[PDB]
file entry38.cif (mmCIF, C-alpha atoms)
data_entry
#
loop_
_atom_site.label_atom_id
_atom_site.label_comp_id
_atom_site.auth_asym_id
_atom_site.auth_seq_id
_atom_site.Cartn_x
_atom_site.Cartn_y
_atom_site.Cartn_z
CA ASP H 410 10.50 8.75 8.52
CA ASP H 411 10.89 6.18 5.71
CA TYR H 412 7.76 7.27 3.78
CA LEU H 413 8.24 8.15 0.14
CA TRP H 414 6.26 11.15 -1.07
CA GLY H 415 5.97 9.81 -4.59
CA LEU H 416 3.83 12.42 -6.33
CA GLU H 417 6.13 14.54 -8.45
CA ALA H 418 5.58 18.31 -8.58
CA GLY H 419 1.95 19.02 -9.34
CA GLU H 420 0.57 15.49 -9.74
CA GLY H 421 -2.51 15.48 -7.48
CA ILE H 422 -5.05 12.77 -6.76
CA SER H 423 -6.76 13.40 -10.14
CA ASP H 424 -3.85 11.84 -11.91
CA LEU H 425 -4.53 8.59 -10.06
CA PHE H 426 -8.21 8.08 -10.80
CA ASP H 427 -10.04 8.26 -14.16
CA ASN M 380 -1.94 19.67 17.24
CA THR M 381 -3.83 18.47 20.35
CA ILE M 382 -4.07 14.72 19.65
CA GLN M 383 -7.85 15.35 19.74
CA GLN M 384 -7.79 18.16 17.10
CA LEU M 385 -9.14 16.43 13.98
CA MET M 386 -11.62 14.31 15.93
CA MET M 387 -12.69 17.58 17.52
CA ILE M 388 -13.21 19.13 14.12
CA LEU M 389 -15.05 16.00 12.99
CA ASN M 390 -17.33 15.87 16.02
CA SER M 391 -18.27 19.49 15.31
CA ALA M 392 -18.81 18.95 11.58
CA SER M 393 -22.17 18.67 9.84
CA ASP M 394 -23.37 15.37 8.34
CA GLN M 395 -24.35 16.89 5.02
CA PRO M 396 -21.77 18.11 2.51
CA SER M 397 -21.01 21.82 2.59
CA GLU M 398 -22.40 24.48 0.28
CA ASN M 399 -18.98 24.61 -1.34
CA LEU M 400 -18.70 20.82 -1.93
CA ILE M 401 -22.20 20.81 -3.40
CA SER M 402 -21.04 23.65 -5.59
CA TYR M 403 -18.28 21.44 -6.99
CA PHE M 404 -20.92 18.81 -7.72
CA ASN M 405 -23.12 21.28 -9.55
CA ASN M 406 -20.23 22.28 -11.87
CA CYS M 407 -19.52 18.71 -12.98
CA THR M 408 -20.59 17.66 -16.44
CA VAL M 409 -22.31 14.68 -14.74
CA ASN M 410 -23.83 15.60 -11.38
CA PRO M 411 -22.40 13.13 -8.80
CA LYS M 412 -24.54 14.50 -5.96
CA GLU M 413 -27.04 11.65 -5.87
CA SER M 414 -24.38 9.00 -6.32
CA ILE M 415 -22.18 10.24 -3.52
CA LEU M 416 -25.10 10.64 -1.14
CA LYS M 417 -26.49 7.18 -1.93
CA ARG M 418 -23.06 5.53 -1.75
CA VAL M 419 -22.62 7.10 1.67
CA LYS M 420 -25.95 5.67 2.79
CA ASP M 421 -25.44 2.26 1.16
CA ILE M 422 -21.89 1.76 2.43
CA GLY M 423 -23.44 2.80 5.73
CA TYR M 424 -25.77 -0.19 6.02
CA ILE M 425 -22.81 -2.34 5.02
CA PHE M 426 -20.16 -0.79 7.29
CA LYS M 427 -22.56 -0.63 10.22
CA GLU M 428 -23.72 -4.22 9.93
CA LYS M 429 -20.25 -5.67 9.38
CA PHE M 430 -18.86 -3.56 12.19
CA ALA M 431 -21.68 -4.65 14.50
CA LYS M 432 -20.95 -8.28 13.63
CA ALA M 433 -17.36 -7.63 14.63
CA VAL M 434 -18.04 -6.12 18.04
CA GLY M 435 -21.63 -7.19 18.81
CA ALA M 436 -25.10 -5.63 19.01
CA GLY M 437 -24.47 -4.05 22.39
CA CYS M 438 -21.96 -1.92 20.48
CA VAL M 439 -24.19 -0.92 17.55
CA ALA M 440 -23.94 2.75 18.51
CA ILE M 441 -20.17 2.73 18.11
CA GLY M 442 -20.31 1.49 14.52
CA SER M 443 -22.64 4.37 13.71
CA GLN M 444 -20.27 6.79 15.37
CA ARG M 445 -17.25 5.44 13.55
CA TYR M 446 -19.23 5.76 10.36
CA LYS M 447 -20.47 9.28 11.13
CA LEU M 448 -17.02 10.69 11.78
CA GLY M 449 -15.53 8.82 8.85
CA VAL M 450 -18.06 10.31 6.44
CA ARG M 451 -17.42 13.79 7.86
CA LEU M 452 -13.73 13.18 7.32
CA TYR M 453 -14.56 11.90 3.85
CA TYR M 454 -16.39 15.11 2.84
CA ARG M 455 -13.79 17.23 4.59
CA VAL M 456 -10.87 15.66 2.78
CA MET M 457 -12.83 15.53 -0.47
CA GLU M 458 -13.47 19.26 -0.30
CA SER M 459 -9.84 19.84 0.69
CA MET M 460 -8.66 17.82 -2.32
CA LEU M 461 -10.98 19.57 -4.76
CA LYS M 462 -9.67 22.96 -3.65
CA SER M 463 -6.08 21.74 -3.96
CA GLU M 464 -6.93 20.32 -7.35
CA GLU M 465 -8.83 23.38 -8.60
CA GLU M 466 -5.80 25.45 -7.55
CA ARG M 467 -3.35 22.91 -8.84
CA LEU M 468 -4.74 22.95 -12.36
CA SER M 469 -7.32 25.75 -12.35
CA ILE M 470 -10.33 23.88 -13.70
CA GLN M 471 -13.41 23.86 -11.37
CA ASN M 472 -15.33 20.94 -13.01
CA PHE M 473 -14.02 17.54 -11.82
CA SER M 474 -16.86 15.38 -13.15
CA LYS M 475 -14.31 12.77 -14.16
CA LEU M 476 -13.04 12.44 -10.59
CA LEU M 477 -16.27 12.87 -8.62
CA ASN M 478 -18.09 10.29 -10.71
CA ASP M 479 -15.39 7.66 -10.10
CA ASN M 480 -16.89 5.17 -7.67
CA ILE M 481 -13.43 3.70 -6.98
CA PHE M 482 -12.08 7.13 -6.08
CA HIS M 483 -15.00 7.67 -3.72
CA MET M 484 -14.70 4.20 -2.16
CA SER M 485 -10.99 4.74 -1.47
CA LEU M 486 -11.43 8.20 0.07
CA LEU M 487 -14.20 6.81 2.27
CA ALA M 488 -12.26 3.68 3.17
CA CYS M 489 -9.22 5.79 3.93
CA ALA M 490 -11.30 8.17 6.05
CA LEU M 491 -12.89 5.23 7.86
CA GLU M 492 -9.40 3.83 8.47
CA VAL M 493 -8.35 7.04 10.19
CA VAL M 494 -11.38 7.19 12.48
CA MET M 495 -11.12 3.45 12.93
CA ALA M 496 -7.43 3.51 13.83
CA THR M 497 -7.55 6.48 16.17
CA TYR M 498 -10.16 4.62 18.24
CA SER M 499 -8.59 1.19 17.61
CA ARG M 500 -7.57 0.35 21.18
CA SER M 501 -10.91 1.68 22.39
CA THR M 502 -12.75 -0.49 19.90
CA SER M 503 -10.37 -3.35 20.82
CA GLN M 504 -11.96 -3.11 24.26
CA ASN M 505 -15.21 -5.06 24.06
CA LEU M 506 -13.65 -7.15 21.24
CA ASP M 507 -10.73 -9.38 22.24
CA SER M 508 -9.53 -12.82 21.09
CA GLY M 509 -9.22 -13.79 17.43
CA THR M 510 -11.15 -10.82 16.13
CA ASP M 511 -8.81 -7.87 15.84
CA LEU M 512 -9.71 -6.04 12.63
CA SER M 513 -6.35 -4.38 11.91
CA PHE M 514 -6.08 -2.54 8.58
CA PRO M 515 -6.90 -4.75 5.61
CA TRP M 516 -10.23 -5.18 7.45
CA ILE M 517 -11.78 -1.99 6.15
CA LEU M 518 -10.90 -3.09 2.60
CA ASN M 519 -12.56 -6.44 3.29
CA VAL M 520 -15.68 -4.52 4.36
CA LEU M 521 -16.06 -2.32 1.27
CA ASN M 522 -15.06 -5.04 -1.17
CA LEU M 523 -12.25 -2.64 -2.13
CA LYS M 524 -8.82 -3.76 -3.40
CA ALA M 525 -5.56 -2.80 -1.69
CA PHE M 526 -4.03 -1.44 -4.91
CA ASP M 527 -6.97 0.95 -5.37
CA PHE M 528 -6.91 2.05 -1.73
CA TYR M 529 -3.18 2.76 -1.90
CA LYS M 530 -3.88 5.36 -4.61
CA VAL M 531 -5.58 7.74 -2.11
CA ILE M 532 -3.09 7.58 0.78
CA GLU M 533 -0.39 10.09 -0.10
CA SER M 534 -3.00 12.56 -1.33
CA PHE M 535 -5.26 11.98 1.64
CA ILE M 536 -2.32 12.71 3.93
CA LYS M 537 -1.33 15.91 2.09
CA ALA M 538 -5.00 16.99 2.18
CA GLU M 539 -5.69 16.63 5.90
CA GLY M 540 -3.09 18.72 7.71
CA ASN M 541 -4.57 17.82 11.10
CA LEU M 542 -3.77 14.13 11.02
CA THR M 543 -2.01 13.09 14.19
CA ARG M 544 1.58 11.91 13.75
CA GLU M 545 0.11 8.69 15.06
CA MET M 546 -2.44 8.68 12.20
CA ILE M 547 0.11 9.71 9.62
CA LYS M 548 2.26 6.72 10.61
CA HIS M 549 -0.62 4.23 10.49
CA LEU M 550 -1.60 5.41 7.00
CA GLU M 551 2.03 5.10 5.96
CA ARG M 552 2.27 1.62 7.37
CA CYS M 553 -0.93 0.68 5.58
CA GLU M 554 0.66 1.70 2.31
CA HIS M 555 3.76 -0.28 3.20
CA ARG M 556 1.68 -3.42 3.84
CA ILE M 557 0.04 -2.99 0.43
CA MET M 558 3.46 -2.70 -1.17
CA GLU M 559 4.85 -5.75 0.58
CA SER M 560 2.04 -8.18 -0.25
CA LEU M 561 -1.57 -6.93 -0.48
CA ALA M 562 -1.04 -5.32 -3.87
CA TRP M 563 0.43 -8.51 -5.31
CA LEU M 564 -2.43 -10.87 -4.46
CA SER M 565 -4.03 -12.58 -7.45
CA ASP M 566 -7.19 -10.45 -7.14
CA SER M 567 -5.09 -7.34 -7.60
CA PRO M 568 -5.71 -4.98 -10.55
CA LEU M 569 -1.98 -4.32 -10.42
CA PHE M 570 -1.53 -7.35 -12.65
CA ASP M 571 -3.90 -5.95 -15.25
CA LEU M 572 -1.96 -2.68 -15.09
CA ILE M 573 1.43 -4.39 -15.43
CA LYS M 574 0.39 -6.60 -18.35
CA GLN M 575 -1.15 -3.57 -19.97
CA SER M 576 2.19 -1.75 -19.70
CA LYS M 577 4.36 -4.68 -20.82
CA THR M 578 1.99 -4.69 -23.77
CA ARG M 579 0.86 -1.21 -24.83
CA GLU M 580 3.24 1.58 -23.74
CA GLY M 581 2.26 4.87 -22.11
CA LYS M 643 -0.43 5.43 -19.44
CA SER M 644 -0.95 4.35 -15.82
CA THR M 645 0.57 6.90 -13.55
CA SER M 646 -0.66 4.73 -10.68
CA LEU M 647 1.62 1.83 -11.67
CA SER M 648 4.60 4.10 -12.15
CA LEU M 649 3.88 5.64 -8.77
CA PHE M 650 3.29 2.23 -7.20
CA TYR M 651 6.73 0.94 -8.28
CA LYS M 652 8.52 4.10 -7.22
CA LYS M 653 7.26 3.44 -3.68
CA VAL M 654 7.95 -0.30 -3.89
CA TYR M 655 11.54 0.20 -4.92
CA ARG M 656 12.08 2.77 -2.21
CA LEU M 657 10.55 0.51 0.47
CA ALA M 658 12.30 -2.51 -1.07
CA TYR M 659 15.73 -0.89 -1.00
CA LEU M 660 15.26 0.49 2.52
CA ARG M 661 14.51 -2.97 3.92
CA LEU M 662 17.29 -4.49 1.81
CA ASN M 663 19.78 -1.91 3.04
CA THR M 664 18.85 -2.60 6.67
CA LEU M 665 19.59 -6.33 6.25
CA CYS M 666 22.90 -5.58 4.55
CA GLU M 667 24.10 -3.16 7.22
CA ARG M 668 23.57 -5.97 9.65
CA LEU M 669 24.76 -9.05 7.75
CA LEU M 670 27.09 -7.58 5.14
CA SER M 671 29.30 -4.95 6.74
CA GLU M 672 32.33 -6.97 5.64
CA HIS M 673 31.21 -6.77 2.01
CA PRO M 674 29.86 -3.32 0.96
CA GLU M 675 30.07 -4.03 -2.77
CA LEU M 676 27.20 -6.48 -2.30
CA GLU M 677 23.78 -4.95 -1.62
CA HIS M 678 24.07 -2.79 -4.74
CA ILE M 679 24.44 -6.07 -6.63
CA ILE M 680 21.74 -7.65 -4.45
CA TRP M 681 19.66 -4.56 -5.07
CA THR M 682 20.04 -4.98 -8.84
CA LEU M 683 18.74 -8.57 -8.87
CA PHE M 684 15.96 -7.63 -6.45
CA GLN M 685 15.00 -4.59 -8.54
CA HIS M 686 15.23 -6.43 -11.81
CA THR M 687 13.14 -9.28 -10.47
CA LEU M 688 10.16 -7.20 -9.26
CA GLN M 689 10.05 -5.43 -12.55
CA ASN M 690 10.74 -8.20 -15.04
CA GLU M 691 9.97 -11.25 -12.90
CA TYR M 692 6.88 -9.85 -11.24
CA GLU M 693 4.96 -13.15 -11.49
CA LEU M 694 7.32 -14.31 -8.72
CA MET M 695 5.46 -11.72 -6.60
CA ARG M 696 2.01 -13.07 -7.33
CA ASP M 697 0.55 -14.07 -3.98
CA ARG M 698 3.94 -13.72 -2.44
CA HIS M 699 5.82 -11.26 -0.26
CA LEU M 700 8.13 -8.40 -1.13
CA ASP M 701 10.42 -9.69 1.63
CA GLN M 702 10.56 -13.24 0.28
CA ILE M 703 11.98 -11.97 -3.03
CA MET M 704 14.30 -9.74 -1.00
CA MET M 705 15.69 -12.49 1.19
CA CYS M 706 16.03 -14.78 -1.81
CA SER M 707 17.89 -12.04 -3.69
CA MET M 708 20.39 -11.59 -0.87
CA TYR M 709 21.05 -15.30 -0.56
CA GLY M 710 21.37 -15.93 -4.27
CA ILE M 711 23.79 -13.10 -4.83
CA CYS M 712 25.91 -14.01 -1.81
CA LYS M 713 25.79 -17.58 -3.09
CA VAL M 714 27.35 -16.75 -6.47
CA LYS M 715 29.69 -14.21 -4.97
CA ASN M 716 30.98 -16.95 -2.65
CA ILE M 717 29.83 -15.36 0.63
CA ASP M 718 28.51 -17.61 3.41
CA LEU M 719 25.20 -16.12 4.54
CA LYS M 720 22.93 -19.01 5.50
CA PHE M 721 19.19 -18.50 5.26
CA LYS M 722 19.26 -19.16 8.99
CA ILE M 723 21.21 -15.94 9.41
CA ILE M 724 19.17 -13.87 6.95
CA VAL M 725 15.93 -15.09 8.49
CA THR M 726 17.13 -14.08 11.95
CA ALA M 727 18.03 -10.53 10.95
CA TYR M 728 14.82 -10.11 8.95
CA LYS M 729 12.98 -10.27 12.28
CA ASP M 730 14.49 -6.86 13.00
CA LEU M 731 12.35 -5.30 10.23
CA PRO M 732 9.13 -3.33 11.01
CA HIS M 733 7.16 -5.69 8.82
CA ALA M 734 8.81 -8.99 9.76
CA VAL M 735 6.65 -11.93 10.83
CA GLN M 736 7.83 -15.58 10.77
CA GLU M 737 4.96 -16.72 8.56
CA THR M 738 6.75 -14.78 5.80
CA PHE M 739 9.72 -17.14 5.53
CA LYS M 740 8.08 -20.08 7.22
CA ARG M 741 5.05 -20.24 4.91
CA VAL M 742 6.01 -19.28 1.36
CA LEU M 743 3.85 -19.96 -1.74
CA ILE M 744 5.49 -22.65 -3.81
CA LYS M 745 3.20 -23.71 -6.65
CA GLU M 746 -0.41 -24.71 -6.07
CA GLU M 747 -1.82 -23.67 -2.73
CA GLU M 748 1.33 -25.46 -1.53
CA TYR M 749 3.40 -23.44 0.94
CA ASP M 750 6.80 -24.25 2.44
CA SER M 751 9.89 -22.68 3.92
CA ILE M 752 11.46 -19.78 2.13
CA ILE M 753 14.33 -22.18 1.43
CA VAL M 754 12.03 -24.43 -0.56
CA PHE M 755 10.79 -21.39 -2.47
CA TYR M 756 14.37 -20.34 -3.17
CA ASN M 757 15.42 -23.77 -4.45
CA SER M 758 12.31 -24.86 -6.29
CA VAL M 759 11.01 -21.61 -7.71
CA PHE M 760 13.18 -18.56 -7.19
CA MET M 761 16.64 -19.85 -8.11
CA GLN M 762 15.18 -22.17 -10.75
CA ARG M 763 13.38 -19.23 -12.30
CA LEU M 764 16.39 -16.89 -12.00
CA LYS M 765 19.26 -19.35 -12.17
CA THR M 766 20.94 -17.85 -15.23
CA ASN M 767 20.35 -14.21 -14.18
CA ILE M 768 21.90 -14.87 -10.78
CA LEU M 769 24.98 -16.45 -12.36
CA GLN M 770 25.43 -13.39 -14.63
CA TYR M 771 26.40 -11.47 -11.53
CA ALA M 772 29.46 -13.68 -11.07
CA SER M 773 30.13 -13.63 -14.81
CA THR M 774 32.70 -11.70 -16.84
CA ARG M 775 30.15 -9.07 -17.91
CA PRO M 776 28.04 -8.40 -14.77
CA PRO M 777 24.53 -6.98 -15.18
CA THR M 778 24.55 -3.19 -15.13
CA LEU M 779 23.81 -2.11 -11.54
CA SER M 780 20.37 -0.67 -10.84
CA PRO M 781 20.16 2.90 -9.48
CA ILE M 782 19.49 3.05 -5.80
CA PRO M 783 16.02 4.58 -5.04
CA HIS M 784 16.33 8.02 -3.45
CA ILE M 785 14.93 10.67 -1.08
#
call {"tool": "encode", "arguments": {"input": "entry38.cif", "output": "structure tokens"}}
result
Amino acid sequence: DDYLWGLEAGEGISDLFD
Amino acid sequence: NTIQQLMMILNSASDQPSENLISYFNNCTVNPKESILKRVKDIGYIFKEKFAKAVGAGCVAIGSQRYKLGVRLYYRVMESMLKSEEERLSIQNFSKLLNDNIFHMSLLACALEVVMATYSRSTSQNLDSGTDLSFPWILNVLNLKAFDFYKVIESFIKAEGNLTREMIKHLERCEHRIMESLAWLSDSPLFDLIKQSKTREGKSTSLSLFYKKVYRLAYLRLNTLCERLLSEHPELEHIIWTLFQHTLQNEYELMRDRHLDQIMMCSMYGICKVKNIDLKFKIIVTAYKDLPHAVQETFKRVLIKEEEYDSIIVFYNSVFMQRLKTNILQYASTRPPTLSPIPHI
């Protein structure tokens, strides 16, 4: 599948919201 | 995993958050308990009424059911994420995250999109005509922006290991749609993030992540059009990719209210143009239709200046090429722009 798993090692959702 | 698996789990699940989720709330510096519960209830009157106005009062019970399962999915994934996060960085608090209304609106919206999409065709029954609430719909309902929503997709997917391949794909396509146009609309916070970056360095992982996925999607589509129209000239594409890549990054205003694919098609033409390779827009436009996104409106109705739209050819000549004239020519010059690395994996 073409989807790009963009989160590098250990990045989690917390690094996307304040 | 039995195409019914997650929905089975959801139908079995309790409406109230688990002892363990509540435990995460009690360890936050700011207790989010009341806010999450109220949000759930408030978004409920709003989702239920908008949904009912989409399918009709005879179908009021279905809106409630969509909502019920979506909230169960919401808590489920939320708990899943908090465990992954506690483990990921051994902390236990999470007040910063759990008190972020945007985070909570995106998890909910994403959860409602899953329940919504799995029962799509069923909901489509007793619906019909010009009222088919595809994906952006749920964003329209929660007054939530596409760029914010996109931030919860990869994580949401990695957090719910029971998503059907069919659900995984839909979520992925949703993110692609965001990347191709939704995230570049004038009401998109992406522009505040970009301008912030162009200005004061550091910060915004979400923008860096956004672009990583744009470039990857961008290249993929680009590469598909080249394999079809430019087999004779393999050196192109990488050059076309460079202009395309440089444009989204440094000429991002060209993307405002426009489509990823319009900049792509205009990049291919322009580069072939200076490199003395035929390639009429007529050709390009015809192959484009082979792309998963691909709709005619995208090259037939392109934003020119004011709310004035025209053919992608008008955009190319009046805006694109005029805006990038000298950059384009540098590709045919003695010292060609350094080629941009092709997005990988």
call {"tool": "residues_around", "arguments": {"input": "entry38.cif", "residues": "residue H:416", "least_positions_apart": "5", "cutoff": "9 Å", "atoms": "all atoms listed in the file", "output": "ChimeraX atom specification"}}
result
/H:421-422 /M:533-534,649
call {"tool": "closest_residue", "arguments": {"input": "entry38.cif", "among": "M:402, M:468, M:544, M:380", "to": "residue H:419", "atoms": "all atoms listed in the file"}}
result
M:468
call {"tool": "resolve_selection", "arguments": {"input": "entry38.cif", "expression": "the PyMOL selection byres ((chain H) within 7 of (chain M))", "output": "list in words"}}
result
residues 412, 413, 414, 415, 419, 421, 422, 423, 424, 425, 426 and 427 of chain H
call {"tool": "residues_around", "arguments": {"input": "entry38.cif", "residues": "stretch 771-775 of chain M", "least_positions_apart": "3", "cutoff": "12 Å", "atoms": "only C-alpha atoms", "output": "PyMOL selection string"}}
result
chain M and resi 676+678-683+707+710-717+764-768+778-779
call {"tool": "atom_distance", "arguments": {"input": "entry38.cif", "atom1": "atom CA of residue M:723", "atom2": "atom CA of residue H:410"}}
result
26.9 Å
call {"tool": "atom_distance", "arguments": {"input": "entry38.cif", "atom1": "atom CA of residue M:486", "atom2": "atom CA of residue M:738"}}
result
29.9 Å
call {"tool": "resolve_selection", "arguments": {"input": "entry38.cif", "expression": "the PyMOL selection byres ((chain M and resi 574) around 12)", "output": "JSON, numbers by chain"}}
result
{"M": [568, 569, 570, 571, 572, 573, 575, 576, 577, 578, 579, 580, 644, 647, 689, 690, 691, 692, 693]}
